[PDB]
């Protein structure tokens, strides 16, 4: 049922703007886009400084249950923990519901596994103390190798990632079915499916794409696993297709 999977997809969405979301009016318009005739997306994804205006905007439109995700160490995934941590502490202060931190993937590629663990762990400790979810972007498009994708996913999980996330949306490639499969198998194989969710960013543009991606979660974990806590579409050009499946 493409209609059933489309409504399911919509309700899992972390809605983002398709170009750089760098103004109040882009953010306000994003808030309004997240309230559809058939329901709300689970969240929006914005830069930290826009969280208070977004919160007011969501409240004033009668959808205060739409959550706010933001980004830190983003998009570059540098290996400076102090910076990643300070950005994370600021994101929490602004009022974030979730923080997506970029894993230091270039460090991992150069052979440093420790710094990714330390960086994630530092940020998770701040978020958990404040009741904020920490999601970790590993940048599959830049890692490329299945081995490194698995290793970045592994480290993030051991360091306490609440979700593992394919992409920033800011490089050449976002998620693919292949990178989605690899990351979810890590969750499966480590036995951490209760405590770790998955978030494809990019790669999902049509209703048919969303059904396919949800079918991967369904096959690995059963049809009930992919709720809001465990699954989100990080998507900027998917919502129109979903509403149509339900231009």
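Positions refer to the first chain, counted from 1.
The modelled chain breaks after residue 246 and resumes at residue 247, leaving 1 to 3 residues of the deposited sequence without coordinates. In this entry, 216 to 224 has the higher mean Cα B-factor, the comparison being between 193 to 201 and 216 to 224. Stretches compared: 110 to 118, 93 to 101. Higher mean C-alpha B-factor in the entry: 110 to 118.
The maximum CA B-factor among the listed residues 184, 43, 51, 29, taken from the PDB record, is found at 29.
Between the residues 130, 155, 85, 136, it is 130 that shows the highest Cα B-factor in the PDB record.
Sorting the modelled residues of the chain by their CA temperature factor places residue 145 in the highest third.
The entry lists a Cα temperature factor for residue 63 that places it in the highest third of the chain's modelled residues.
Remark: residue 162 belongs to the lowest third of its chain, ranked by C-alpha B-factor as recorded. Among the modelled residues of its chain, residue 18 has a C-alpha B-factor that falls in the highest third according to the deposited record. The deposited CA B-factor of residue 33 belongs to the highest third of values across its chain.
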